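Data file: start_12.txt. Format and content: compact mmCIF, C-alpha atoms and all ligand atoms.
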```txt
# COMPACT_ATOMS: atom_id res chain seq x y z
CA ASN J 747 5.60 -99.32 -222.19
CA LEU J 748 1.90 -99.90 -222.72
CA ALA J 749 0.93 -96.22 -222.57
CA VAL J 750 3.32 -94.76 -225.16
CA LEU J 751 1.98 -97.25 -227.69
CA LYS J 752 -1.57 -96.07 -227.01
CA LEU J 753 -0.50 -92.53 -227.83
CA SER J 754 1.29 -93.68 -230.98
CA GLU J 755 -1.73 -95.72 -232.02
CA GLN J 756 -4.23 -92.91 -231.56
CA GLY J 757 -2.14 -90.16 -233.09
CA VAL J 758 -1.89 -88.09 -229.93
CA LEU J 759 1.83 -87.73 -230.67
CA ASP J 760 0.97 -86.38 -234.13
CA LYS J 761 -1.50 -83.92 -232.64
CA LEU J 762 1.01 -82.68 -230.07
CA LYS J 763 3.79 -82.41 -232.66
CA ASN J 764 1.50 -80.38 -234.91
CA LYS J 765 0.56 -78.15 -231.98
CA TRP J 766 4.12 -77.49 -230.86
CA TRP J 767 5.82 -77.17 -234.21
CA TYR J 768 3.44 -76.48 -237.05
CA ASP J 769 0.71 -74.31 -235.54
CA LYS J 770 3.40 -71.75 -234.65
CA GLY J 771 4.70 -71.11 -238.14
CA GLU J 772 5.78 -67.53 -237.50
CA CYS J 773 8.88 -66.38 -239.32
CA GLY J 774 8.85 -65.62 -243.01
CA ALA J 775 9.32 -68.37 -245.54
CA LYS J 776 6.79 -70.88 -244.18
CA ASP J 777 3.93 -68.40 -244.49
CA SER J 778 5.13 -66.23 -247.39
CA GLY J 779 6.70 -68.95 -249.55
CA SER J 780 3.49 -69.59 -251.51
CA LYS J 781 2.65 -66.02 -252.54
CA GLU J 782 3.30 -63.99 -255.68
CA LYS J 783 4.45 -60.51 -256.64
CA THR J 784 4.34 -59.45 -260.24
CA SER J 785 7.42 -57.30 -261.09
CA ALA J 786 8.98 -53.89 -261.32
CA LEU J 787 12.19 -53.70 -263.34
CA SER J 788 14.99 -51.74 -261.70
CA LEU J 789 18.29 -50.63 -263.14
CA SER J 790 20.25 -53.08 -260.98
CA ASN J 791 18.84 -55.87 -263.12
CA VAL J 792 19.98 -54.35 -266.41
CA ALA J 793 23.45 -52.91 -266.08
CA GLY J 794 25.77 -55.12 -268.12
CA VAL J 795 23.77 -54.29 -271.23
CA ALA F 452 27.59 -88.41 -218.54
CA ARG F 453 29.86 -90.54 -216.41
CA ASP F 454 32.99 -89.30 -214.72
CA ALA F 455 36.38 -90.61 -215.70
CA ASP F 456 37.84 -93.11 -213.18
CA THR F 457 34.94 -92.79 -210.72
CA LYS F 458 31.89 -93.46 -212.99
CA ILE F 459 30.04 -90.55 -211.38
CA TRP F 460 27.06 -89.96 -213.65
CA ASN F 461 26.10 -86.30 -213.32
CA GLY F 462 23.19 -84.44 -214.89
CA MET F 463 19.83 -86.08 -215.36
CA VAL F 464 21.49 -89.51 -215.50
CA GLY F 465 22.66 -89.55 -211.88
CA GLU F 466 19.24 -88.32 -210.76
CA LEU F 467 17.88 -91.69 -211.88
CA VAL F 468 20.92 -93.86 -211.18
CA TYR F 469 21.51 -92.58 -207.66
CA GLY F 470 17.87 -92.90 -206.60
CA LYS F 471 17.24 -89.16 -206.57
CA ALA F 472 14.54 -88.70 -209.21
CA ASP F 473 11.69 -91.09 -209.93
CA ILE F 474 10.95 -90.64 -213.67
CA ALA F 475 12.21 -88.44 -216.53
CA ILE F 476 9.95 -87.33 -219.36
CA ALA F 477 12.58 -85.26 -221.13
CA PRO F 478 14.53 -85.01 -224.39
CA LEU F 479 16.90 -87.86 -223.57
CA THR F 480 18.61 -89.99 -226.22
CA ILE F 481 18.83 -93.77 -226.02
CA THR F 482 22.50 -94.75 -226.26
CA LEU F 483 24.45 -97.92 -225.59
CA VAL F 484 26.08 -96.65 -222.38
CA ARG F 485 22.76 -95.65 -220.82
CA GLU F 486 20.89 -98.97 -220.94
CA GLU F 487 23.29 -100.50 -218.41
CA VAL F 488 22.26 -98.14 -215.61
CA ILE F 489 18.66 -97.13 -216.44
CA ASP F 490 15.89 -98.41 -218.67
CA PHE F 491 14.08 -96.83 -221.60
CA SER F 492 10.64 -97.42 -223.04
CA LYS F 493 9.95 -97.69 -226.74
CA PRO F 494 11.05 -94.50 -228.53
CA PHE F 495 8.40 -91.93 -229.29
CA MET F 496 10.08 -89.40 -231.59
CA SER F 497 12.79 -89.97 -234.18
CA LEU F 498 15.62 -87.62 -235.08
CA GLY F 499 19.23 -87.46 -236.22
CA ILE F 500 22.43 -85.46 -236.08
CA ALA N 452 -3.16 -111.79 -236.19
CA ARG N 453 -5.69 -113.08 -233.72
CA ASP N 454 -8.73 -114.86 -235.05
CA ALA N 455 -12.22 -113.42 -234.74
CA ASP N 456 -13.92 -114.35 -231.44
CA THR N 457 -11.46 -117.09 -230.46
CA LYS N 458 -8.17 -115.21 -229.83
CA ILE N 459 -6.05 -117.69 -231.76
CA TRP N 460 -2.85 -116.24 -233.18
CA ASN N 461 -2.00 -117.72 -236.56
CA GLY N 462 1.12 -116.79 -238.50
CA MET N 463 4.48 -116.14 -236.89
CA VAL N 464 3.24 -114.56 -233.68
CA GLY N 465 1.50 -117.84 -232.95
CA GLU N 466 4.82 -119.57 -233.57
CA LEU N 467 6.30 -117.48 -230.79
CA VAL N 468 3.33 -117.80 -228.43
CA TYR N 469 2.69 -121.51 -228.80
CA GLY N 470 6.26 -122.59 -228.00
CA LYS N 471 7.09 -123.66 -231.56
CA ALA N 472 9.72 -121.03 -232.39
CA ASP N 473 12.54 -119.33 -230.52
CA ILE N 474 13.08 -115.92 -232.13
CA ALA N 475 11.71 -114.06 -235.15
CA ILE N 476 14.05 -111.88 -237.18
CA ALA N 477 11.46 -110.65 -239.65
CA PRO N 478 9.82 -107.52 -241.05
CA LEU N 479 7.38 -107.31 -238.15
CA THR N 480 5.48 -104.20 -237.09
CA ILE N 481 5.34 -103.33 -233.39
CA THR N 482 1.64 -102.84 -232.74
CA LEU N 483 -0.24 -102.56 -229.46
CA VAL N 484 -1.78 -106.02 -229.13
CA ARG N 485 1.44 -107.80 -230.04
CA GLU N 486 3.07 -106.39 -226.90
CA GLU N 487 0.74 -108.23 -224.56
CA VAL N 488 1.76 -111.72 -225.66
CA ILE N 489 5.43 -111.40 -226.62
CA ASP N 490 8.31 -108.98 -226.23
CA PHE N 491 10.00 -106.62 -228.68
CA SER N 492 13.43 -105.06 -228.63
CA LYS N 493 14.07 -101.47 -229.60
CA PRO N 494 13.13 -100.70 -233.22
CA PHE N 495 15.90 -100.86 -235.78
CA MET N 496 14.25 -99.46 -238.91
CA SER N 497 11.49 -96.87 -239.15
CA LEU N 498 8.74 -96.64 -241.75
CA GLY N 499 5.13 -95.67 -242.42
CA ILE N 500 2.14 -96.62 -244.50
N1 LIG Q 1 6.95 -88.65 -236.73
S1 LIG Q 1 7.61 -88.70 -235.11
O1 LIG Q 1 9.10 -88.51 -235.07
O2 LIG Q 1 7.15 -87.56 -234.30
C1 LIG Q 1 7.15 -90.30 -234.35
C2 LIG Q 1 8.13 -91.21 -234.11
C3 LIG Q 1 7.78 -92.44 -233.52
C4 LIG Q 1 6.51 -92.71 -233.19
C5 LIG Q 1 5.49 -91.77 -233.43
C6 LIG Q 1 5.83 -90.57 -234.01
CL1 LIG Q 1 4.55 -89.34 -234.34
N2 LIG Q 1 6.21 -94.10 -232.54
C7 LIG Q 1 7.23 -95.18 -232.79
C8 LIG Q 1 6.76 -96.62 -232.00
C9 LIG Q 1 5.67 -97.17 -232.67
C10 LIG Q 1 5.97 -98.22 -232.93
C11 LIG Q 1 6.74 -98.61 -233.58
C12 LIG Q 1 8.04 -98.02 -232.90
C13 LIG Q 1 7.60 -97.37 -232.09
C14 LIG Q 1 6.56 -98.49 -231.79
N3 LIG Q 1 8.51 -94.81 -232.35
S2 LIG Q 1 8.93 -93.55 -233.22
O3 LIG Q 1 9.36 -94.05 -234.49
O4 LIG Q 1 10.01 -92.84 -232.50
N1 LIG Q 2 16.59 -94.66 -240.73
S1 LIG Q 2 16.08 -96.25 -240.22
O1 LIG Q 2 14.59 -96.42 -240.26
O2 LIG Q 2 16.53 -97.30 -241.15
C1 LIG Q 2 16.70 -96.54 -238.52
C2 LIG Q 2 15.80 -96.52 -237.51
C3 LIG Q 2 16.27 -96.75 -236.20
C4 LIG Q 2 17.57 -96.97 -235.96
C5 LIG Q 2 18.50 -96.97 -237.01
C6 LIG Q 2 18.04 -96.76 -238.28
CL1 LIG Q 2 19.21 -96.76 -239.65
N2 LIG Q 2 18.00 -97.20 -234.47
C7 LIG Q 2 17.03 -96.66 -233.46
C8 LIG Q 2 17.61 -96.91 -231.87
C9 LIG Q 2 18.95 -96.53 -231.82
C10 LIG Q 2 19.02 -95.76 -231.01
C11 LIG Q 2 18.60 -94.76 -230.92
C12 LIG Q 2 17.04 -95.08 -231.00
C13 LIG Q 2 17.06 -96.19 -231.20
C14 LIG Q 2 18.21 -96.37 -230.17
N3 LIG Q 2 15.76 -97.25 -233.57
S2 LIG Q 2 15.21 -96.75 -234.97
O3 LIG Q 2 14.80 -95.38 -234.80
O4 LIG Q 2 14.09 -97.65 -235.36
```
For this file, write the structure as structure tokens.
Amino acid sequence: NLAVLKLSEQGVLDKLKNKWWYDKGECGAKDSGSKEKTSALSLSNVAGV
Amino acid sequence: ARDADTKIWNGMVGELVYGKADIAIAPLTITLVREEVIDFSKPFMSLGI
Amino acid sequence: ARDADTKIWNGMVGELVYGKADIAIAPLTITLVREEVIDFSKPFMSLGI
């Protein structure tokens, strides 16, 4: 009861949670969600016209 | 969880109720029906369904 | 909080320590040093700075 509060006070829980969830951003959208591609227009875009 | 009609707690619960195991640092959820047989510290990580 | 250099709890925590009160239903933050003089239940509402 006194030890868990020490970890919560000093942010050790935050450091461990960052280590075991956020430092292993692996799959797709987390890494590649903030990038940019320009364009290339294909026919599948313009067909109803 | 407990057994019907015999209250036989299996799993990690009975390991602490029946004097088998000494401590359990594990993903265990504080409920109402678990405080009567074992004791929990202050919670260290929040979540939801 | 405790006073500087005297360890005299003013406020509501002093009302629980010095025998003046009985219970404190209040927006009170579970810190470290408040555990050593009184007792808390499980937390009921979570927040942050
Ligand atoms: N952001 S989190 O879920 O990983 C998380 C969750 C919690 C932490 C610390 C972290 Cl890092 N400590 C709190 C404790 C601190 C104090 C206040 C309540 C408890 C005592 N319990 S908690 O609310 O369960
Ligand atoms: N979403 S919240 O901050 O208002 C909030 C926060 C908490 C609630 C319930 C609510 Cl609604 N109950 C939990 C307790 C209930 C059970 C499960 C963990 C603890 C035991 N404490 S808590 O994590 O402090």
Report the centre and edge lengths, in Å to one decimal, of an axis-aligned box enclosing every atom of region 761-775 of chain J listed in the file, padded by 6 Å on each side, as JSON.
```
{"center_x": 3.9, "center_y": -74.8, "center_z": -237.8, "size_x": 22.8, "size_y": 30.3, "size_z": 27.5}
```
- For CA of residue 473 (chain F) and atom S1 of ligand LIG 1 (chain Q), quote the distance in Å rounded to one decimal. 25.6 Å
- Return as a VMD selection string every polymer residue, whether protein, DNA or RNA, with at least one atom no more than 7 Å from an atom of ligand LIG 1 (chain Q); count all atoms listed in the file. (chain J and resid 751 754 757 759 to 760 763) or (chain F and resid 493 to 498) or (chain N and resid 480 to 482 494 497)
Any chance you could fit chain N onto chain F with least squares, all Cα atoms in order, and share the moved copy as a CSV table (one decimal) with C-alpha atoms, keeping the file's coordinate frame?
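Contents of superposed.csv, freshly written:
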```csv
chain,number,residue,atom,x,y,z
N,452,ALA,CA,27.4,-88.6,-218.6
N,453,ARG,CA,29.8,-90.6,-216.6
N,454,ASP,CA,32.9,-88.9,-215.2
N,455,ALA,CA,36.4,-89.7,-216.4
N,456,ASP,CA,38.0,-92.6,-214.4
N,457,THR,CA,35.4,-92.6,-211.6
N,458,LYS,CA,32.1,-93.7,-213.3
N,459,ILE,CA,30.1,-91.0,-211.6
N,460,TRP,CA,26.9,-90.0,-213.5
N,461,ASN,CA,26.2,-86.3,-213.2
N,462,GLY,CA,23.2,-84.7,-214.7
N,463,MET,CA,19.7,-86.3,-214.9
N,464,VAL,CA,20.9,-89.9,-215.4
N,465,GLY,CA,22.6,-89.6,-212.0
N,466,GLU,CA,19.2,-88.4,-210.6
N,467,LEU,CA,17.7,-91.6,-211.8
N,468,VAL,CA,20.6,-93.9,-210.7
N,469,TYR,CA,21.2,-92.4,-207.2
N,470,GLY,CA,17.5,-92.7,-206.1
N,471,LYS,CA,16.8,-88.9,-206.2
N,472,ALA,CA,14.3,-88.9,-209.0
N,473,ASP,CA,11.4,-91.1,-210.1
N,474,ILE,CA,11.0,-90.6,-213.9
N,475,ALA,CA,12.5,-88.4,-216.5
N,476,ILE,CA,10.3,-87.1,-219.3
N,477,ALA,CA,13.0,-85.2,-221.2
N,478,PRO,CA,14.7,-84.9,-224.5
N,479,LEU,CA,17.0,-87.8,-223.8
N,480,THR,CA,18.9,-89.9,-226.3
N,481,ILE,CA,18.9,-93.7,-226.0
N,482,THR,CA,22.6,-94.5,-226.2
N,483,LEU,CA,24.4,-97.8,-225.4
N,484,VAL,CA,25.9,-97.1,-221.9
N,485,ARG,CA,22.6,-95.6,-220.6
N,486,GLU,CA,20.9,-98.9,-221.0
N,487,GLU,CA,23.1,-100.6,-218.5
N,488,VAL,CA,22.1,-98.5,-215.5
N,489,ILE,CA,18.5,-97.5,-216.2
N,490,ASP,CA,15.6,-98.6,-218.5
N,491,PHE,CA,14.1,-96.9,-221.5
N,492,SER,CA,10.7,-97.4,-223.1
N,493,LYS,CA,10.1,-97.6,-226.8
N,494,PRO,CA,11.2,-94.4,-228.6
N,495,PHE,CA,8.5,-91.8,-229.4
N,496,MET,CA,10.3,-89.4,-231.6
N,497,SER,CA,13.1,-90.0,-234.1
N,498,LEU,CA,15.9,-87.7,-235.1
N,499,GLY,CA,19.6,-87.5,-236.1
N,500,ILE,CA,22.6,-85.3,-235.8
```
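Across F:457, F:483, F:475, F:462, the tightest approach to ligand LIG 2 (chain Q) is made by F:483 when counting only C-alpha atoms and all ligand atoms.
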- Query: Which one of N:474, N:491, N:484, N:460 sits closest to ligand LIG 2 (chain Q) if you count all atoms listed in the file?
  - Reply: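 Of N:474, N:491, N:484, N:460, the one nearest ligand LIG 2 (chain Q) is N:491, counting all atoms listed in the file.
Straight-line separation from atom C10 of ligand LIG 2 (chain Q) to CA of residue 479 (chain N): 17.9 Å.
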At a cut-off of 8 Å, which residues of chain J touch chain N? Count only C-alpha atoms and give the answer as a PDB file with C-alpha atoms, keeping the file's coordinate frame.
```pdb
ATOM      1  CA  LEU J 748       1.900 -99.900-222.720  1.00  0.00           C
ATOM      2  CA  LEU J 751       1.980 -97.250-227.690  1.00  0.00           C
ATOM      3  CA  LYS J 752      -1.570 -96.070-227.010  1.00  0.00           C
ATOM      4  CA  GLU J 755      -1.730 -95.720-232.020  1.00  0.00           C
TER       5      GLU J 755
END
```
- For residue 453 (chain N), please output as a VMD selection string all residues within 12 Å (counting all atoms listed in the file; exclusion window: fewer than 6 positions along the same chain). chain N and resid 459 to 465 468 484 to 485 488
- Query: In Å, with one decimal, what is the gap from atom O4 of ligand LIG 2 (chain Q) to CA of residue 472 (chain N)?
  - Reply: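 For atom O4 of ligand LIG 2 (chain Q) relative to CA of residue 472 (chain N), the distance reads 24.0 Å.
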- Which residue, F:454, F:469, F:490, F:500, has the smallest gap to chain N when you use all atoms listed in the file?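 Among the listed residues, the smallest separation from chain N belongs to F:490.
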